[PDB]
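Peer 1: Questions regarding the structure given below will be posed in turn.
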Amino acid sequence: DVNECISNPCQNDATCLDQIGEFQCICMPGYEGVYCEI
Ligand SMILES: *[C@@H]1O[C@@H](C)[C@@H](O)[C@@H](O)[C@@H]1O
């Protein structure tokens with residue numbers, strides 16, 4: 001488990017933001033879904 005965020009988890013034009021223990025993606029203004037899918 002080395003760097004889960006390789007190319008942004010979100011399946012959109014979102015932004016990545018994770019570390020050795022955390023994991024959070026910056027979805028879009030009004031976008032539902034764990035990885036911007038809705
Ligand atoms: C990271 O956040 C997302 C939501 C977008 O605004 C990107 O342009 C930015 O780099």
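Position 4 (the sequence shown) corresponds to 4 in the deposited numbering; numbering is contiguous.
Using N, Cα and C, we set each Cβ at its ideal position, and we do this for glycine too.
Go through its chain and collect everything with a Cβ distance to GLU32's Cβ below 6 Å, but skip five positions before and after it.
Peer 2: The answer, listed in chain order, is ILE38.
Peer 1: For the putative contact between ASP18 and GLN24, defined by C-beta atoms under 8 Å, what is the C-beta separation to the nearest angstrom?
Peer 2: 6 Å between Cβ atoms; contact.
Peer 1: If you compare alpha carbons, which of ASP13, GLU22, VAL34 and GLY30 is closest to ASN3?
Peer 2: Cα-wise, what sits closest to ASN3 is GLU22.
Peer 1: So, with DSSP's three-state summary, where would you put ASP13?
Peer 2: Residue state, collapsed to three classes: coil.
Peer 1: Give me the pocket residues for ligand 1, defined as CB within less than 7 Å of any heavy atom, sorted by chain position.
Peer 2: Result (chain order): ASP13, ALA14, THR15, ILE26, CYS27 and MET28.
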